[PDB]
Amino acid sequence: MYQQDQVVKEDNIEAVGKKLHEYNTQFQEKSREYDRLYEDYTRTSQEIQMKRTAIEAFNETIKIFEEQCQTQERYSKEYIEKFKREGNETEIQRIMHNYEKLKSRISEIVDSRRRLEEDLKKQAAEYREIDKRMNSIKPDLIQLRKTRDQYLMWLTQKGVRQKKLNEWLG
């Protein structure tokens, strides 16, 4: 009348205990592998947020540099005109050359920001592959845990002492 779904190598106690050891070994191995991957997940998440706030810091730096450009274009106007009607074109050259140096510096920071943007893009795909590997590991890990517990229950019903169980779980 009662036909429960027993999925164990229903045989001698020594054989089920042997496979209990093998399943528990595989489970602890799969758990160590998942724990390694979950560590990489946490580190990659920390590094990605670090790169994302550093991108904002680049943004704030370029913003300040563009404010400096605008301030120069306004402040220069009055003087640049006077120096011309005064023969101080050498100093106009000085102001213009200094402002050109500011331009080239902006291009350098723009280049470094784009480099970090590419690093973040690479690490973003890294994060997605670490999460995919974890998601392809979990089904096994849970199945290995359920199988180990099932063999443990079968042995407990048959009357196996706790000492022999501990021997197989070492």
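Note that residue numbering follows the sequence shown and begins at 1. We call the rigid core whatever largest set of C-alpha positions still superposes within 1.5 Å between the two forms.
Which of these two stretches, 87-95 or 69-77, has the larger RMS Cα offset in 8 other deposited structures of this protein when the rigid core is kept aligned?
Stretch with the higher C-alpha RMS distance in 8 other deposited structures of this protein: 87-95.
Other entries modelling both neighbours but not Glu167, at least a third
No.
Residue gap status of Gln3, at least a third of other entries:
That residue is present in all of the other compared entries.
Please work out which of 19-27 and 5-13 has the higher mean CA B-factor as recorded in the PDB entry.
Looking at the record's C-alpha B-factors, the answer is 5-13.
Which is higher in the entry, the mean Cα B factor of 80-88 or that of 95-103?
Higher mean C-alpha B-factor in the PDB entry: 80-88.
Once the chain's modelled residues are ordered by C-alpha B factor and cut into thirds, is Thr147 in the lowest, middle or highest one?
For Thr147, the deposited C-alpha B-factor lands in the middle third.
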